[PDB]
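Enquirer: The structure that follows is given in the form of C-alpha cells.
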Amino acid sequence: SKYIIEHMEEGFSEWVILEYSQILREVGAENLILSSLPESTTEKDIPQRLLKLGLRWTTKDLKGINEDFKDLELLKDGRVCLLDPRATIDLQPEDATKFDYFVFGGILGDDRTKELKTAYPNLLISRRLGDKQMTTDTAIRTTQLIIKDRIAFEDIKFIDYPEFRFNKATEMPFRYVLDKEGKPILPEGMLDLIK
Ligand SMILES: CSC[C@H]1O[C@@H](n2cnc3c(N)ncnc32)[C@H](O)[C@@H]1O
C-alpha cells in the first residue's frame, strides 16, 4: 500500500535525487512519504525535481506522520514492515495481507537500517529482501514486485554487482533488478552520473 522512506542523509546529493525521483515515478507520489527530514527543513530545502513529481515530505519521524497526514491510516503497531537486510525472514506475497505500510532507510550505504529498527522497537516488524544489499529504489522496486504484483522473491531476476564499462569502469556493490531486455534497472540519469 503505502511506502515510507526515512531520510538519513543531511542534504540531497544528485544520487539521492535520482533515486527518489525514480521511486516517485514507480510508486506514485500519492503512495510515498519522505519522513524524518531535519527539523529546520522547509520547502526551499527540498529539491525542485522531487517537488515537481509531487513529493510528500515531512520532518516528523514515523511516530508523527499520522499527525501530519490525515490521509494516511494510523501507523498501528505490527502493521508497519521494516525492510531490513539483517532480518531473519524474507518478504513474501502473502505479507501484503499482513502490513499496510512499508518502511525503508533513506541511506546511501558504503547497519544504518538497524538504527532505524532500534529507534522504533514496538512499531516495526522486519522482513528481508535477500542476502545482498540494494539501493533504496531497488528495495522499493522489489517490495512492489512482491506486494503489488505477488511475485515470489526467488522468481525475480537480479544482477549482483554489475559492471558499467564506458571504455577500456565502475562496479556497483548492490543488487539490481533486470528489465525484460536483460539490463540492470537504474534510476534515469544514474548512468551518466556514474560515467
Ligand atoms: C541503504 S539501503 C536503502 C534501504 O533499502 C532497504 N534494503 C536495502 N537492501 C535490503 C535487503 N537486502 N533486504 C531488505 N531491505 C533492504 C533498507 O530499508 C535500506 O535501509
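Note on naming: chains are A, B, ... as they come in the C-alpha cells, residues start from 1 per chain, ligands start from 1 in the order shown.
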How would you report the residues lying within 9 Å of ligand 1, as a PyMOL selection string, if you count only C-alpha atoms and all ligand atoms?
Expert: chain A and resi 5-6+82-87+90-91+102-114+116+126-140+143+174-175
Enquirer: Produce a file of the selected residues containing N, CA and C atoms, as a CSV table (one decimal), in the first residue's frame.
Expert:
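The file below, out_33.csv, is the result:
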```csv
chain,number,residue,atom,x,y,z
A,5,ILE,N,9.9,6.4,3.4
A,5,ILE,CA,11.3,6.5,3.4
A,5,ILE,C,11.8,7.4,4.5
A,6,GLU,N,12.6,6.9,5.4
A,6,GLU,CA,13.2,7.7,6.5
A,6,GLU,C,14.6,8.3,6.0
A,82,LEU,N,9.4,-3.1,8.3
A,82,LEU,CA,10.7,-2.5,8.0
A,82,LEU,C,11.5,-3.4,7.1
A,83,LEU,N,11.8,-2.9,5.9
A,83,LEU,CA,12.7,-3.7,5.0
A,83,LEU,C,14.1,-3.6,5.6
A,84,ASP,N,14.6,-4.8,6.0
A,84,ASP,CA,15.7,-4.9,6.9
A,84,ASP,C,16.6,-6.0,6.3
A,85,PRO,N,17.9,-5.6,5.9
A,85,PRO,CA,18.8,-6.6,5.3
A,85,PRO,C,19.3,-7.7,6.3
A,86,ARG,N,19.2,-7.3,7.6
A,86,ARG,CA,19.6,-8.3,8.7
A,86,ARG,C,18.4,-8.9,9.3
A,87,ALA,N,17.2,-9.0,8.6
A,87,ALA,CA,16.0,-9.7,9.1
A,87,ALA,C,16.2,-11.2,8.9
A,90,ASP,N,12.4,-13.4,4.8
A,90,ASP,CA,12.3,-12.7,3.6
A,90,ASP,C,10.8,-12.3,3.4
A,91,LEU,N,10.6,-11.1,2.8
A,91,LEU,CA,9.3,-10.7,2.4
A,91,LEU,C,8.7,-11.7,1.4
A,102,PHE,N,5.2,0.1,4.4
A,102,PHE,CA,6.5,-0.5,4.2
A,102,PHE,C,7.5,0.6,4.3
A,103,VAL,N,8.5,0.4,5.3
A,103,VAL,CA,9.4,1.4,5.7
A,103,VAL,C,10.8,1.1,5.2
A,104,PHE,N,11.5,2.1,4.6
A,104,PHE,CA,12.9,1.9,4.0
A,104,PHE,C,13.8,2.9,4.5
A,105,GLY,N,15.1,2.6,4.7
A,105,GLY,CA,16.1,3.5,5.1
A,105,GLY,C,16.5,4.4,3.9
A,106,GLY,N,16.3,5.7,4.0
A,106,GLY,CA,16.8,6.7,3.1
A,106,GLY,C,18.3,6.9,3.3
A,107,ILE,N,19.1,6.0,2.8
A,107,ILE,CA,20.5,6.0,3.0
A,107,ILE,C,21.2,5.7,1.7
A,108,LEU,N,22.5,6.0,1.7
A,108,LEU,CA,23.4,5.7,0.5
A,108,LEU,C,24.6,4.9,1.1
A,109,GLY,N,24.4,3.6,1.2
A,109,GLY,CA,25.3,2.8,2.0
A,109,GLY,C,26.7,2.7,1.4
A,110,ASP,N,27.7,2.5,2.3
A,110,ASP,CA,29.1,2.4,1.9
A,110,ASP,C,29.5,1.0,1.9
A,111,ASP,N,22.9,-2.3,9.0
A,111,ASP,CA,23.6,-1.4,9.8
A,111,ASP,C,22.8,-0.2,10.2
A,112,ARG,N,22.8,0.8,9.2
A,112,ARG,CA,22.0,2.0,9.4
A,112,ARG,C,20.6,1.7,9.5
A,113,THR,N,20.1,0.6,8.8
A,113,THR,CA,18.8,0.1,8.9
A,113,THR,C,18.5,-0.4,10.3
A,114,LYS,N,19.5,-0.9,11.0
A,114,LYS,CA,19.4,-1.3,12.4
A,114,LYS,C,19.1,-0.2,13.4
A,116,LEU,N,17.5,2.5,12.4
A,116,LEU,CA,16.0,2.7,12.2
A,116,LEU,C,15.1,1.7,13.0
A,126,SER,N,10.3,-6.6,11.0
A,126,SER,CA,11.3,-6.7,9.9
A,126,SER,C,11.0,-7.8,8.9
A,127,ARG,N,11.3,-7.5,7.6
A,127,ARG,CA,11.3,-8.5,6.6
A,127,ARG,C,12.5,-8.2,5.7
A,128,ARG,N,13.1,-9.3,5.2
A,128,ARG,CA,14.3,-9.2,4.4
A,128,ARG,C,13.9,-9.3,2.9
A,129,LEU,N,14.8,-8.7,2.1
A,129,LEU,CA,14.8,-8.8,0.6
A,129,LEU,C,16.1,-9.5,0.1
A,130,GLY,N,16.4,-10.7,0.7
A,130,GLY,CA,17.6,-11.4,0.3
A,130,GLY,C,18.8,-11.1,1.0
A,131,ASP,N,19.9,-11.8,0.6
A,131,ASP,CA,21.2,-11.8,1.2
A,131,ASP,C,22.2,-10.7,0.8
A,132,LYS,N,21.8,-9.8,-0.1
A,132,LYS,CA,22.7,-8.8,-0.7
A,132,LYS,C,22.1,-7.4,-0.7
A,133,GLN,N,22.9,-6.4,-0.5
A,133,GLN,CA,22.4,-5.1,-0.3
A,133,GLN,C,21.8,-4.4,-1.6
A,134,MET,N,20.7,-3.7,-1.5
A,134,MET,CA,20.1,-3.0,-2.6
A,134,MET,C,20.1,-1.5,-2.3
A,135,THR,N,20.0,-0.7,-3.3
A,135,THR,CA,19.8,0.7,-3.2
A,135,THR,C,18.3,0.9,-2.8
A,136,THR,N,17.9,2.0,-2.3
A,136,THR,CA,16.6,2.3,-1.9
A,136,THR,C,15.6,2.0,-3.0
A,137,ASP,N,15.8,2.5,-4.2
A,137,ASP,CA,14.9,2.3,-5.3
A,137,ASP,C,14.8,0.8,-5.7
A,138,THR,N,15.9,0.1,-5.6
A,138,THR,CA,15.8,-1.3,-5.9
A,138,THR,C,15.0,-2.1,-4.8
A,139,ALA,N,15.2,-1.7,-3.6
A,139,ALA,CA,14.4,-2.3,-2.5
A,139,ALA,C,13.0,-2.1,-2.6
A,140,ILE,N,12.6,-0.9,-3.0
A,140,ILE,CA,11.2,-0.5,-3.2
A,140,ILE,C,10.7,-1.2,-4.5
A,143,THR,N,10.0,-4.8,-3.4
A,143,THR,CA,8.9,-4.8,-2.5
A,143,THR,C,7.6,-4.7,-3.3
A,174,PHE,N,25.9,-3.4,-5.3
A,174,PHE,CA,24.5,-3.5,-4.9
A,174,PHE,C,23.9,-4.6,-5.9
A,175,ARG,N,22.7,-5.1,-5.5
A,175,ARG,CA,21.9,-6.0,-6.3
A,175,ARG,C,21.0,-5.1,-7.1
```
Enquirer: Quick one: everything within 10 Å of residue A:171, counting only C-alpha atoms, minus sequence neighbours fewer than 4 positions away in the same chain. Send it as a PyMOL selection string.
Expert: chain A and resi 160-165+194
Enquirer: Please, what distance in Å, to one decimal, runs between atom CA of residue A:48 and atom CA of residue A:8?
Expert: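 Atom CA of residue A:8 lies 19.3 Å from atom CA of residue A:48.
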Enquirer: For each of A:18, A:88, A:77, A:157, take the minimum atom-to-atom distance to residue A:120, counting only C-alpha atoms, then give the residue where this is smallest.
Expert: A:77
Enquirer: Which one of A:100, A:95, A:43, A:30 sits closest to residue A:71 if you count only C-alpha atoms?
Expert: A:30
Enquirer: Apply DSSP to the backbone of this structure and, from stretch 23-63 of chain A, keep only the residues in strand (DSSP E or B); write these as a ChimeraX atom specification.
Expert: /A:32-35,56-57
Enquirer: Write the residues of the preceding selection, restricted to N, CA, C and O atoms, as an mmCIF file, in the first residue's frame.
Expert:
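For reference, selection_27.cif as written:
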```cif
data_model
loop_
_atom_site.group_PDB
_atom_site.id
_atom_site.type_symbol
_atom_site.label_atom_id
_atom_site.label_comp_id
_atom_site.auth_asym_id
_atom_site.auth_seq_id
_atom_site.Cartn_x
_atom_site.Cartn_y
_atom_site.Cartn_z
ATOM 1 N N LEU A 32 3.906 7.589 -1.490
ATOM 2 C CA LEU A 32 5.231 7.736 -0.926
ATOM 3 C C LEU A 32 5.260 8.900 0.057
ATOM 4 O O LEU A 32 4.708 9.974 -0.210
ATOM 5 N N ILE A 33 5.909 8.675 1.191
ATOM 6 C CA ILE A 33 6.230 9.749 2.128
ATOM 7 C C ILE A 33 7.729 9.755 2.431
ATOM 8 O O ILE A 33 8.328 8.718 2.708
ATOM 9 N N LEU A 34 8.332 10.934 2.376
ATOM 10 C CA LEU A 34 9.692 11.075 2.851
ATOM 11 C C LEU A 34 9.619 11.710 4.227
ATOM 12 O O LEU A 34 9.179 12.859 4.362
ATOM 13 N N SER A 35 10.043 10.966 5.244
ATOM 14 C CA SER A 35 9.934 11.420 6.635
ATOM 15 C C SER A 35 11.301 11.645 7.271
ATOM 16 O O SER A 35 12.337 11.286 6.717
ATOM 17 N N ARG A 56 5.585 14.086 -1.208
ATOM 18 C CA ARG A 56 5.008 14.305 0.116
ATOM 19 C C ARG A 56 6.084 14.056 1.174
ATOM 20 O O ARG A 56 6.585 12.947 1.338
ATOM 21 N N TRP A 57 6.467 15.105 1.863
ATOM 22 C CA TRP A 57 7.598 15.040 2.771
ATOM 23 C C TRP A 57 7.202 15.586 4.136
ATOM 24 O O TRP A 57 6.228 16.323 4.285
#
```
Enquirer: Taking only stretch 25-166 of chain A into account, list the residues labelled alpha helix (DSSP H) by DSSP (computed from the backbone), as number ranges by chain.
Expert: A: 25-27, 48-52, 65-68, 112-119, 136-147
Enquirer: Output C-alpha atoms of each residue in that selection to a file, as an mmCIF file, in the first residue's frame.
Expert:
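Writing done, so here's again.cif:
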```cif
data_model
loop_
_atom_site.group_PDB
_atom_site.id
_atom_site.type_symbol
_atom_site.label_atom_id
_atom_site.label_comp_id
_atom_site.auth_asym_id
_atom_site.auth_seq_id
_atom_site.Cartn_x
_atom_site.Cartn_y
_atom_site.Cartn_z
ATOM 1 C CA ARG A 25 7.736 7.570 -10.806
ATOM 2 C CA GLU A 26 7.299 3.895 -9.913
ATOM 3 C CA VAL A 27 5.030 4.025 -6.791
ATOM 4 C CA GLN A 48 12.519 21.043 -7.084
ATOM 5 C CA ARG A 49 12.711 17.816 -9.138
ATOM 6 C CA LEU A 50 11.118 15.914 -6.233
ATOM 7 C CA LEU A 51 8.525 18.668 -5.562
ATOM 8 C CA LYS A 52 7.625 18.657 -9.232
ATOM 9 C CA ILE A 65 3.262 11.089 10.087
ATOM 10 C CA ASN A 66 -0.344 10.496 11.137
ATOM 11 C CA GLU A 67 -0.306 13.866 12.932
ATOM 12 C CA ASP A 68 0.723 15.465 9.616
ATOM 13 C CA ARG A 112 22.035 2.023 9.418
ATOM 14 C CA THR A 113 18.773 0.103 8.910
ATOM 15 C CA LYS A 114 19.385 -1.341 12.431
ATOM 16 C CA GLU A 115 19.452 2.217 13.810
ATOM 17 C CA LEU A 116 16.022 2.658 12.162
ATOM 18 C CA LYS A 117 14.780 -0.504 13.840
ATOM 19 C CA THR A 118 16.188 0.180 17.300
ATOM 20 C CA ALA A 119 14.589 3.637 17.021
ATOM 21 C CA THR A 136 16.571 2.287 -1.874
ATOM 22 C CA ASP A 137 14.888 2.298 -5.289
ATOM 23 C CA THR A 138 15.824 -1.333 -5.921
ATOM 24 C CA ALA A 139 14.439 -2.325 -2.470
ATOM 25 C CA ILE A 140 11.225 -0.485 -3.213
ATOM 26 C CA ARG A 141 11.073 -1.977 -6.718
ATOM 27 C CA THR A 142 11.413 -5.472 -5.276
ATOM 28 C CA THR A 143 8.886 -4.821 -2.494
ATOM 29 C CA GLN A 144 6.353 -3.601 -5.053
ATOM 30 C CA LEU A 145 7.017 -6.681 -7.187
ATOM 31 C CA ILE A 146 6.261 -8.857 -4.162
ATOM 32 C CA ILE A 147 3.366 -6.980 -2.536
#
```
